[PDB]
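Asker: Take a look at this one; I'll ask things after.
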Number of protein chains: 2
Amino acid sequence: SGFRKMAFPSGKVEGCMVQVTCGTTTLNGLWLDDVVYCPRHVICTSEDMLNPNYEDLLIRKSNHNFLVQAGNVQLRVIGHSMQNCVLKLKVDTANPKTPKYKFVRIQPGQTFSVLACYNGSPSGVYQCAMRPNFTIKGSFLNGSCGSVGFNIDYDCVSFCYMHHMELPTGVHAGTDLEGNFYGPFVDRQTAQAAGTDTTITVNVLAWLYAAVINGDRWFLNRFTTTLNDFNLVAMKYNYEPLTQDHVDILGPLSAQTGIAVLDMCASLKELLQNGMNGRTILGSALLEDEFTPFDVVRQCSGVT
Amino acid sequence: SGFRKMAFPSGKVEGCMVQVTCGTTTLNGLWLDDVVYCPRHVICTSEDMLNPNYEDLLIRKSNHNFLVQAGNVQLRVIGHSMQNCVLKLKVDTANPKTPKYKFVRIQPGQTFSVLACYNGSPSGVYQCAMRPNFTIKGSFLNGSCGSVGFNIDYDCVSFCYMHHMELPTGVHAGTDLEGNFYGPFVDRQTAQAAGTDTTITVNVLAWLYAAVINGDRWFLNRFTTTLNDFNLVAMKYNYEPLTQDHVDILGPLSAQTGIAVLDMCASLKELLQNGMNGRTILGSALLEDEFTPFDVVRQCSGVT
Ligand SMILES: O=C(Cc1cccc(Cl)c1)Nc1nncc2ccccc12
Ligand SMILES: O=C(Cc1cccc(Cl)c1)Nc1nncc2ccccc12
């Protein structure tokens with residue numbers, strides 16, 4: 001019992017963190033096999049982050065200009081290349097701590113753990129989600145760039161995010177490990193406003209099921225609804241529309257609790273229309289949307 | 001920018017987790033040097049958790065009855081002893097992954113990270129606090145016993161908690177690594193109700209300072225208060241009394257923000273007396289009390 005915002009154990013990823021310095025900029029890199037991945041803005045000075053031509057700036061860089069350090073030991077860079085917004089630094093040594101891994105590009109609504117790092121050293125781990133506007137609400141300071149987001153399935157780390165920047169609003173933007181930004185963001189110091197940060201409905205429903213499993217049941221009502229009626233309410237409250245694909249994904253939680261998905265939707269509709277009335281659900285006074293249905297089952301089943 | 005419930009990177013502790021089985025009970029153990037620490041209730045059957053005499057039950061156990069497995073490899077037990085509510089199993093092999101470590105007994109209000117484990121394998125990491133009633137609000141299932149709580153200072157892991165049980169209310173109780181329970185709890189399947197779960201005032205104030213540092217400032221008011229006036233309000237709202245020791249600890253955050261501690265107390269008094277009015281602070285609709293002043297500075301400074 002109990003329900004917490006839980007991150008994956010970070011050990012497998014800690015063993016991959018390295019420091020990358022180019023010129024006067026230092027950030028984090030991810031060392032997998034004989035390649036170090038890092039944001040390409042490591043090559044920029046502050047004076048050219050305003051409008052950088054990365055291909056042109058990269059011409060003035062050689063392998064010896066990329067200083068890569070794993071703990072206190074220096075790695076020898078024998079090649080470099082740019083793939084989208086990331087640099088791939090080939091080193092002469094395979095990381096002996098390389099876990100089984102995959103690079104995945106996640107969809108909005110999916111959650112992941114972040115290992116916030118500075119100077120190639122891990123500071124902390126937390127859980128977050130790819131927002132519907134393609135930002136993440138992380139906790140990152142200067143030097144955190146190159147920290148990564150990931151999920152773990154038994155022994156395989158699926159890396160999904162690499163941090164690149166903070167928007168003027170204090171929300172975060174970055175790429176997958178192929179260097180493609182999530183959303184429309186660009187690695188440049190210019191006006192980039194985020195779109196509507198819509199609530200992830202299927203995750204709210206999953207967390208209401210977690211609340212029932214963990215004994216918080218006051219919000220269950222005598223009502224039901226339809227997908228189309230529920231979606232009228234979701235639109236009004238800046239919630240993502242619920243689809244039959246989302247209903248299907250909530251099947252296991254509906255089976256565990258005996259609460260039909262559309263009945264849980266009617267409970268959520270009443271909470272949206274009436275608020276919490278000063279009450280809490282799983283220690284929160286708001287509807288939590290950064291637990292997926294998979295996260296709830298995993299946490300409520302103890303998958304290792 | 002951004003502020004998250006952040007746990008310490010769990011790698012150093014993952015390397016210490018082992019599985020301990022005695023009879024038909026399996027739980028987690030912590031392997032440091034040549035000793036494995038685990039809850040003494042590993043020796044109990046369900047039939048004797050009602051009123052166990054641990055010294056008597058332990059007489060029927062020999063070193064070969066304690067099966068200790070680190071990953072897929074078995075450890076040889078060459079000694080065993082009971083220290084308070086923990087068993088210490090001496091093994092013939094020092095854990096090669098033993099980090100620099102200390103055993104500390106924490107005070108209520110202090111936070112720590114938990115690495116929830118099942119079968120000696122880590123499932124997840126989360127942050128929590130020792131509540132003023134000496135329980136923790138964790139996320140633990142059957143088999144999680146022996147999972148540990150810790151803090152990290154650079155390269156030293158200070159272990160502060162070992163999980164032993166869940167109370168009928170779904171809150172958690174356990175010991176320090178010397179086997180002494182936090183609070184009045186006993187390792188027995190009997191009536192153990194928790195006391196008032198009081199809010200940790202100094203942590204709420206620290207988190208209001210984190211909110212100001214991160215730009216959430218709507219709650220700052222034109223008022224001040226005194227410790228004695230503030231404490232009249234704290235009593236009414238089941239908040240811990242604020243002392244000059246707590247004011248002293250909030251000094252660095254007061255200096256960073258330029259907001260005198262007693263002014264922040266007057267802001268907190270107004271939030272207690274008037275509520276949030278449907279507004280949020282750092283993405284929460286309630287006053288968060290599981291960030292210490294040290295956690296706020298650490299997170300807002302990027303200590304690795
Ligand atoms: O935003 C940047 C640098 C940057 C600027 C413009 C474009 C690009 Cl690609 C990168 N880095 C940081 N990232 N996250 C949190 C930060 C908190 C404070 C200062 C810096 C932060
Ligand atoms: O409570 C116990 C076993 C136990 C019973 C009485 C006394 C003692 Cl010392 C230990 N273990 C568990 N711990 N945390 C969460 C749990 C969720 C479900 C089931 C079991 C859980």
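Residue numbers start at 1 in each chain; chains themselves are named A, B, ... in the order of the structure tokens; ligands are numbered from 1 in the order shown.
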Using only C-alpha atoms and all ligand atoms, find each residue with an atom at most 6 Å away from ligand 2 and format the answer as a list in words.
Answerer: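 The residues within 6 Å of ligand 2, counting only C-alpha atoms and all ligand atoms, are residues 1 of chain A; 41, 140, 141, 142, 144, 145, 164, 165, 166, 187, 188 and 189 of chain B.
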Asker: After superposing chain B onto chain A (least squares, all C-alpha atoms, pairing by order), export the transformed chain as an mmCIF file with C-alpha atoms, in the first residue's frame.
Answerer:
```cif
data_model
loop_
_atom_site.group_PDB
_atom_site.id
_atom_site.type_symbol
_atom_site.label_atom_id
_atom_site.label_comp_id
_atom_site.auth_asym_id
_atom_site.auth_seq_id
_atom_site.Cartn_x
_atom_site.Cartn_y
_atom_site.Cartn_z
ATOM 1 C CA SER B 1 0.000 0.000 0.000
ATOM 2 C CA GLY B 2 0.875 3.613 -0.544
ATOM 3 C CA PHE B 3 1.429 5.247 -3.924
ATOM 4 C CA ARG B 4 4.444 7.365 -4.769
ATOM 5 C CA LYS B 5 5.894 9.190 -7.776
ATOM 6 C CA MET B 6 8.455 6.491 -8.328
ATOM 7 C CA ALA B 7 11.447 6.601 -10.638
ATOM 8 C CA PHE B 8 13.315 3.583 -12.040
ATOM 9 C CA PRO B 9 16.489 2.649 -10.116
ATOM 10 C CA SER B 10 19.162 4.814 -11.766
ATOM 11 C CA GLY B 11 22.267 2.634 -11.405
ATOM 12 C CA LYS B 12 22.373 1.364 -14.988
ATOM 13 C CA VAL B 13 22.279 4.958 -16.255
ATOM 14 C CA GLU B 14 24.697 6.414 -13.668
ATOM 15 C CA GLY B 15 27.355 4.093 -15.140
ATOM 16 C CA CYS B 16 26.860 5.803 -18.513
ATOM 17 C CA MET B 17 27.311 9.423 -17.451
ATOM 18 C CA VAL B 18 30.328 11.339 -18.576
ATOM 19 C CA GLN B 19 31.437 14.993 -18.747
ATOM 20 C CA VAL B 20 31.907 16.618 -22.178
ATOM 21 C CA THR B 21 33.749 19.936 -22.528
ATOM 22 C CA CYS B 22 34.229 21.839 -25.747
ATOM 23 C CA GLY B 23 35.986 25.166 -25.429
ATOM 24 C CA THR B 24 34.556 26.814 -22.336
ATOM 25 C CA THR B 25 31.232 24.868 -22.235
ATOM 26 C CA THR B 26 30.847 21.751 -20.109
ATOM 27 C CA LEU B 27 27.767 19.516 -20.116
ATOM 28 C CA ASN B 28 26.844 15.838 -19.739
ATOM 29 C CA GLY B 29 27.281 13.037 -22.193
ATOM 30 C CA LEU B 30 25.845 9.502 -22.324
ATOM 31 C CA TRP B 31 28.493 6.776 -22.977
ATOM 32 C CA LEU B 32 27.097 3.620 -24.564
ATOM 33 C CA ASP B 33 29.469 1.161 -26.198
ATOM 34 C CA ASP B 34 32.212 3.316 -27.847
ATOM 35 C CA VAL B 35 30.016 6.364 -28.470
ATOM 36 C CA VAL B 36 29.324 9.403 -26.318
ATOM 37 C CA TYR B 37 26.068 11.264 -27.085
ATOM 38 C CA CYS B 38 25.632 14.898 -26.059
ATOM 39 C CA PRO B 39 23.728 18.060 -27.115
ATOM 40 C CA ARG B 40 25.368 19.737 -30.130
ATOM 41 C CA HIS B 41 25.147 23.134 -28.385
ATOM 42 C CA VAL B 42 28.286 22.034 -26.446
ATOM 43 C CA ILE B 43 30.199 23.603 -29.401
ATOM 44 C CA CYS B 44 28.605 27.035 -28.908
ATOM 45 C CA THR B 45 29.809 30.086 -27.096
ATOM 46 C CA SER B 46 27.103 32.318 -25.498
ATOM 47 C CA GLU B 47 27.788 34.912 -28.266
ATOM 48 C CA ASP B 48 26.541 32.473 -30.991
ATOM 49 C CA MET B 49 23.596 30.674 -29.265
ATOM 50 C CA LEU B 50 21.434 33.568 -30.627
ATOM 51 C CA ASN B 51 21.623 32.212 -34.220
ATOM 52 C CA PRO B 52 24.027 29.245 -34.532
ATOM 53 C CA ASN B 53 24.930 27.508 -37.793
ATOM 54 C CA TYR B 54 25.950 24.213 -36.258
ATOM 55 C CA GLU B 55 27.475 22.794 -39.430
ATOM 56 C CA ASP B 56 29.732 25.888 -39.763
ATOM 57 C CA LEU B 57 30.673 25.974 -36.064
ATOM 58 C CA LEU B 58 31.493 22.241 -36.179
ATOM 59 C CA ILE B 59 34.042 22.768 -39.028
ATOM 60 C CA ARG B 60 36.319 24.556 -36.507
ATOM 61 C CA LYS B 61 36.212 21.537 -34.132
ATOM 62 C CA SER B 62 38.485 18.502 -34.208
ATOM 63 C CA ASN B 63 38.356 15.239 -32.167
ATOM 64 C CA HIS B 64 40.921 16.660 -29.695
ATOM 65 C CA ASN B 65 38.641 19.651 -28.919
ATOM 66 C CA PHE B 66 36.000 17.371 -27.302
ATOM 67 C CA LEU B 67 37.191 16.586 -23.789
ATOM 68 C CA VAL B 68 35.377 13.562 -22.444
ATOM 69 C CA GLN B 69 35.951 12.426 -18.877
ATOM 70 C CA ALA B 70 34.364 9.375 -17.191
ATOM 71 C CA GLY B 71 34.862 9.818 -13.454
ATOM 72 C CA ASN B 72 38.416 11.075 -13.187
ATOM 73 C CA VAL B 73 39.690 9.357 -16.349
ATOM 74 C CA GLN B 74 39.941 10.874 -19.783
ATOM 75 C CA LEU B 75 38.511 9.198 -22.865
ATOM 76 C CA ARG B 76 40.226 9.354 -26.215
ATOM 77 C CA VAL B 77 37.989 10.751 -28.954
ATOM 78 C CA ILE B 78 38.676 9.168 -32.349
ATOM 79 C CA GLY B 79 35.695 10.462 -34.324
ATOM 80 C CA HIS B 80 32.807 12.877 -34.179
ATOM 81 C CA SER B 81 29.615 13.406 -36.071
ATOM 82 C CA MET B 82 26.400 15.354 -35.766
ATOM 83 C CA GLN B 83 23.052 13.568 -35.988
ATOM 84 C CA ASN B 84 20.210 16.114 -35.852
ATOM 85 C CA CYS B 85 20.723 18.052 -32.556
ATOM 86 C CA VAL B 86 23.167 15.620 -30.934
ATOM 87 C CA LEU B 87 26.839 14.954 -31.332
ATOM 88 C CA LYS B 88 28.137 11.415 -31.335
ATOM 89 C CA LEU B 89 31.736 11.249 -30.137
ATOM 90 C CA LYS B 90 33.425 7.965 -30.998
ATOM 91 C CA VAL B 91 35.838 7.010 -28.261
ATOM 92 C CA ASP B 92 38.542 4.320 -28.283
ATOM 93 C CA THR B 93 37.027 2.444 -25.311
ATOM 94 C CA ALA B 94 33.684 0.735 -24.994
ATOM 95 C CA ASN B 95 31.968 1.668 -21.748
ATOM 96 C CA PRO B 96 32.416 -1.430 -19.595
ATOM 97 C CA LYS B 97 29.231 -0.497 -17.699
ATOM 98 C CA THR B 98 27.053 -0.327 -20.855
ATOM 99 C CA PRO B 99 23.691 -1.855 -19.965
ATOM 100 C CA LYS B 100 21.351 -3.563 -22.513
ATOM 101 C CA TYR B 101 19.759 -0.518 -24.186
ATOM 102 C CA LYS B 102 17.451 0.849 -26.876
ATOM 103 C CA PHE B 103 16.709 4.354 -28.092
ATOM 104 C CA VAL B 104 13.007 5.081 -28.176
ATOM 105 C CA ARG B 105 11.010 8.182 -29.161
ATOM 106 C CA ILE B 106 8.041 8.479 -26.793
ATOM 107 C CA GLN B 107 4.574 9.923 -27.337
ATOM 108 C CA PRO B 108 2.992 12.692 -25.218
ATOM 109 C CA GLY B 109 1.522 11.259 -22.060
ATOM 110 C CA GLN B 110 4.334 8.727 -21.567
ATOM 111 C CA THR B 111 6.335 8.932 -18.388
ATOM 112 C CA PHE B 112 10.042 8.429 -17.786
ATOM 113 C CA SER B 113 12.697 8.861 -15.138
ATOM 114 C CA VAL B 114 15.355 11.555 -15.387
ATOM 115 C CA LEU B 115 18.816 11.337 -13.901
ATOM 116 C CA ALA B 116 19.759 15.002 -13.440
ATOM 117 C CA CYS B 117 23.528 15.342 -13.823
ATOM 118 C CA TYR B 118 26.166 18.098 -13.568
ATOM 119 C CA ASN B 119 29.753 17.671 -14.727
ATOM 120 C CA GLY B 120 29.087 14.031 -15.620
ATOM 121 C CA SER B 121 28.058 13.336 -12.007
ATOM 122 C CA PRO B 122 24.525 12.330 -10.995
ATOM 123 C CA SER B 123 22.666 14.668 -8.607
ATOM 124 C CA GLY B 124 19.226 13.098 -8.460
ATOM 125 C CA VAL B 125 16.451 11.089 -10.004
ATOM 126 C CA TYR B 126 12.829 12.009 -10.565
ATOM 127 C CA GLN B 127 9.869 11.011 -12.596
ATOM 128 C CA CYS B 128 8.155 13.140 -15.231
ATOM 129 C CA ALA B 129 6.121 12.921 -18.425
ATOM 130 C CA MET B 130 6.256 14.082 -21.982
ATOM 131 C CA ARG B 131 3.576 16.804 -21.850
ATOM 132 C CA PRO B 132 0.949 17.090 -24.637
ATOM 133 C CA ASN B 133 2.743 20.338 -25.719
ATOM 134 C CA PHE B 134 6.062 18.389 -25.982
ATOM 135 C CA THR B 135 7.758 20.075 -23.045
ATOM 136 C CA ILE B 136 8.710 18.318 -19.789
ATOM 137 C CA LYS B 137 8.336 19.808 -16.320
ATOM 138 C CA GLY B 138 11.782 18.833 -15.040
ATOM 139 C CA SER B 139 14.203 20.221 -12.466
ATOM 140 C CA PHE B 140 17.300 21.358 -14.249
ATOM 141 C CA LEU B 141 19.972 23.982 -13.672
ATOM 142 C CA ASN B 142 22.793 25.332 -15.908
ATOM 143 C CA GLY B 143 25.120 22.433 -16.763
ATOM 144 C CA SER B 144 22.264 19.828 -16.639
ATOM 145 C CA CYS B 145 22.146 19.578 -20.460
ATOM 146 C CA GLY B 146 22.860 16.098 -21.677
ATOM 147 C CA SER B 147 21.087 14.551 -18.647
ATOM 148 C CA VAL B 148 18.814 11.747 -19.915
ATOM 149 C CA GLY B 149 15.316 10.337 -19.525
ATOM 150 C CA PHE B 150 14.668 6.615 -19.664
ATOM 151 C CA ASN B 151 12.475 3.636 -18.798
ATOM 152 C CA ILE B 152 13.697 0.148 -17.793
ATOM 153 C CA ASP B 153 12.165 -3.208 -18.730
ATOM 154 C CA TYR B 154 13.941 -5.851 -16.554
ATOM 155 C CA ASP B 155 17.587 -5.383 -17.786
ATOM 156 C CA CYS B 156 17.033 -3.105 -20.822
ATOM 157 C CA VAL B 157 17.286 0.686 -20.554
ATOM 158 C CA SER B 158 15.168 2.475 -23.207
ATOM 159 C CA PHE B 159 16.573 6.004 -23.408
ATOM 160 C CA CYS B 160 13.913 8.457 -24.559
ATOM 161 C CA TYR B 161 15.107 11.933 -23.733
ATOM 162 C CA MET B 162 18.237 14.078 -23.609
ATOM 163 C CA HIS B 163 17.930 17.501 -22.012
ATOM 164 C CA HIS B 164 18.880 20.525 -24.120
ATOM 165 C CA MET B 165 17.216 23.631 -22.759
ATOM 166 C CA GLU B 166 14.878 25.583 -20.594
ATOM 167 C CA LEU B 167 12.221 27.835 -22.107
ATOM 168 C CA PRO B 168 11.721 31.325 -20.626
ATOM 169 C CA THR B 169 8.677 29.860 -18.776
ATOM 170 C CA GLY B 170 10.824 27.409 -16.782
ATOM 171 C CA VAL B 171 9.682 24.303 -18.628
ATOM 172 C CA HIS B 172 12.080 22.036 -20.473
ATOM 173 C CA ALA B 173 12.764 20.937 -24.007
ATOM 174 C CA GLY B 174 15.013 18.275 -25.460
ATOM 175 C CA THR B 175 15.469 15.499 -27.916
ATOM 176 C CA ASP B 176 15.256 11.769 -28.322
ATOM 177 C CA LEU B 177 18.690 9.998 -28.554
ATOM 178 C CA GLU B 178 18.607 10.431 -32.355
ATOM 179 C CA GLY B 179 18.804 14.196 -31.718
ATOM 180 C CA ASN B 180 15.273 15.059 -32.856
ATOM 181 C CA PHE B 181 13.539 17.520 -30.530
ATOM 182 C CA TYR B 182 10.260 16.664 -29.048
ATOM 183 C CA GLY B 183 7.810 19.248 -30.342
ATOM 184 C CA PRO B 184 8.693 22.278 -32.408
ATOM 185 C CA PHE B 185 11.651 23.496 -30.349
ATOM 186 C CA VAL B 186 15.018 24.466 -31.761
ATOM 187 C CA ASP B 187 18.408 24.661 -30.056
ATOM 188 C CA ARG B 188 18.672 28.400 -30.280
ATOM 189 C CA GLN B 189 18.296 31.282 -27.781
ATOM 190 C CA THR B 190 15.100 32.711 -29.366
ATOM 191 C CA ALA B 191 11.280 33.100 -28.677
ATOM 192 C CA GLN B 192 9.876 29.676 -28.176
ATOM 193 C CA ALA B 193 6.560 29.636 -26.385
ATOM 194 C CA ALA B 194 4.918 26.406 -25.377
ATOM 195 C CA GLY B 195 1.418 25.415 -26.417
ATOM 196 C CA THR B 196 -1.464 24.499 -24.084
ATOM 197 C CA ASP B 197 -0.366 22.129 -21.378
ATOM 198 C CA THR B 198 -3.322 19.819 -21.599
ATOM 199 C CA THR B 199 -4.017 17.235 -18.843
ATOM 200 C CA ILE B 200 -3.319 13.605 -19.797
ATOM 201 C CA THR B 201 -6.770 12.053 -19.219
ATOM 202 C CA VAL B 202 -5.835 8.386 -19.490
ATOM 203 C CA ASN B 203 -3.163 8.918 -16.807
ATOM 204 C CA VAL B 204 -5.627 10.707 -14.489
ATOM 205 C CA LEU B 205 -7.963 7.739 -14.845
ATOM 206 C CA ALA B 206 -5.086 5.315 -14.156
ATOM 207 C CA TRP B 207 -4.229 7.256 -10.991
ATOM 208 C CA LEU B 208 -7.910 7.228 -9.848
ATOM 209 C CA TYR B 209 -7.732 3.404 -10.244
ATOM 210 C CA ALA B 210 -4.494 3.455 -8.148
ATOM 211 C CA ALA B 211 -6.398 5.442 -5.533
ATOM 212 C CA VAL B 212 -9.169 2.838 -5.380
ATOM 213 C CA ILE B 213 -6.602 0.002 -5.152
ATOM 214 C CA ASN B 214 -4.929 1.873 -2.283
ATOM 215 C CA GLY B 215 -8.219 2.583 -0.416
ATOM 216 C CA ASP B 216 -9.003 6.211 -1.355
ATOM 217 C CA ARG B 217 -12.542 5.756 -2.655
ATOM 218 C CA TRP B 218 -14.574 8.841 -1.582
ATOM 219 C CA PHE B 219 -14.803 10.127 -5.205
ATOM 220 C CA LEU B 220 -16.569 7.036 -6.585
ATOM 221 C CA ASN B 221 -20.082 7.951 -7.482
ATOM 222 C CA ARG B 222 -23.299 6.332 -8.646
ATOM 223 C CA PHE B 223 -22.917 7.591 -12.229
ATOM 224 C CA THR B 224 -21.715 6.500 -15.629
ATOM 225 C CA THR B 225 -21.117 8.384 -18.883
ATOM 226 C CA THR B 226 -20.240 7.729 -22.562
ATOM 227 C CA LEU B 227 -16.965 8.567 -24.355
ATOM 228 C CA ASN B 228 -18.661 11.376 -26.287
ATOM 229 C CA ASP B 229 -20.298 12.884 -23.152
ATOM 230 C CA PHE B 230 -17.067 12.550 -21.156
ATOM 231 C CA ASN B 231 -15.135 14.193 -23.989
ATOM 232 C CA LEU B 232 -17.439 17.228 -23.923
ATOM 233 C CA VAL B 233 -16.301 17.707 -20.303
ATOM 234 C CA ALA B 234 -12.649 16.911 -21.133
ATOM 235 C CA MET B 235 -12.671 19.659 -23.805
ATOM 236 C CA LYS B 236 -14.085 22.225 -21.359
ATOM 237 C CA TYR B 237 -11.361 21.431 -18.822
ATOM 238 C CA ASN B 238 -8.355 21.277 -21.223
ATOM 239 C CA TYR B 239 -8.116 17.504 -20.860
ATOM 240 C CA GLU B 240 -7.034 15.299 -23.780
ATOM 241 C CA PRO B 241 -9.938 13.478 -25.517
ATOM 242 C CA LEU B 242 -10.363 9.895 -24.340
ATOM 243 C CA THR B 243 -10.399 7.306 -27.097
ATOM 244 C CA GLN B 244 -11.321 3.617 -27.197
ATOM 245 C CA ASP B 245 -7.521 2.939 -27.362
ATOM 246 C CA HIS B 246 -7.260 4.602 -23.920
ATOM 247 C CA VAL B 247 -10.265 2.621 -22.621
ATOM 248 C CA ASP B 248 -8.538 -0.556 -23.873
ATOM 249 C CA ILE B 249 -5.294 0.306 -22.055
ATOM 250 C CA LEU B 250 -7.233 0.842 -18.808
ATOM 251 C CA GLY B 251 -8.739 -2.701 -19.115
ATOM 252 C CA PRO B 252 -6.412 -4.382 -16.584
ATOM 253 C CA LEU B 253 -7.095 -1.659 -13.972
ATOM 254 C CA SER B 254 -10.839 -1.875 -14.606
ATOM 255 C CA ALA B 255 -10.599 -5.675 -14.133
ATOM 256 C CA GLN B 256 -8.572 -5.374 -10.921
ATOM 257 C CA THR B 257 -11.012 -2.944 -9.330
ATOM 258 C CA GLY B 258 -14.267 -4.116 -10.878
ATOM 259 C CA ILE B 259 -14.911 -0.471 -11.877
ATOM 260 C CA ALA B 260 -15.925 -0.108 -15.529
ATOM 261 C CA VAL B 261 -13.834 2.477 -17.397
ATOM 262 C CA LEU B 262 -16.868 4.633 -18.214
ATOM 263 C CA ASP B 263 -17.935 4.618 -14.538
ATOM 264 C CA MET B 264 -14.460 5.901 -13.616
ATOM 265 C CA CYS B 265 -14.892 8.545 -16.357
ATOM 266 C CA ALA B 266 -18.140 9.658 -14.640
ATOM 267 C CA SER B 267 -16.254 9.938 -11.340
ATOM 268 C CA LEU B 268 -13.610 12.066 -13.074
ATOM 269 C CA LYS B 269 -16.321 14.209 -14.728
ATOM 270 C CA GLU B 270 -17.824 14.961 -11.299
ATOM 271 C CA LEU B 271 -14.375 15.830 -9.870
ATOM 272 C CA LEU B 272 -13.797 18.187 -12.812
ATOM 273 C CA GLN B 273 -17.208 19.836 -12.416
ATOM 274 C CA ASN B 274 -17.214 20.078 -8.625
ATOM 275 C CA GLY B 275 -13.572 20.150 -7.578
ATOM 276 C CA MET B 276 -12.152 18.269 -4.604
ATOM 277 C CA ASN B 277 -14.028 20.257 -1.891
ATOM 278 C CA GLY B 278 -10.830 20.457 0.175
ATOM 279 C CA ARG B 279 -10.351 16.671 0.109
ATOM 280 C CA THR B 280 -7.313 14.749 -1.166
ATOM 281 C CA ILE B 281 -6.644 11.665 -3.321
ATOM 282 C CA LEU B 282 -3.411 9.729 -2.695
ATOM 283 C CA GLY B 283 -2.059 12.729 -0.787
ATOM 284 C CA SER B 284 -2.761 15.156 -3.669
ATOM 285 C CA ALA B 285 -5.227 18.022 -3.749
ATOM 286 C CA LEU B 286 -5.229 17.973 -7.587
ATOM 287 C CA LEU B 287 -5.784 15.326 -10.239
ATOM 288 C CA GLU B 288 -2.381 13.732 -11.015
ATOM 289 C CA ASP B 289 -1.568 12.972 -14.649
ATOM 290 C CA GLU B 290 2.017 11.694 -14.640
ATOM 291 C CA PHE B 291 1.307 8.019 -13.914
ATOM 292 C CA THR B 292 0.458 5.915 -16.968
ATOM 293 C CA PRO B 293 -1.791 2.820 -16.680
ATOM 294 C CA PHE B 294 1.433 0.756 -17.030
ATOM 295 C CA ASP B 295 3.065 2.665 -14.146
ATOM 296 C CA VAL B 296 0.070 2.051 -11.872
ATOM 297 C CA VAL B 297 0.064 -1.713 -12.506
ATOM 298 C CA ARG B 298 3.877 -1.866 -12.181
ATOM 299 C CA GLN B 299 3.847 0.003 -8.870
ATOM 300 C CA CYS B 300 0.838 -1.882 -7.528
ATOM 301 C CA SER B 301 2.491 -5.307 -8.600
ATOM 302 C CA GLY B 302 6.177 -4.721 -7.682
ATOM 303 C CA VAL B 303 7.875 -5.446 -11.024
ATOM 304 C CA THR B 304 11.667 -5.518 -10.600
#
```
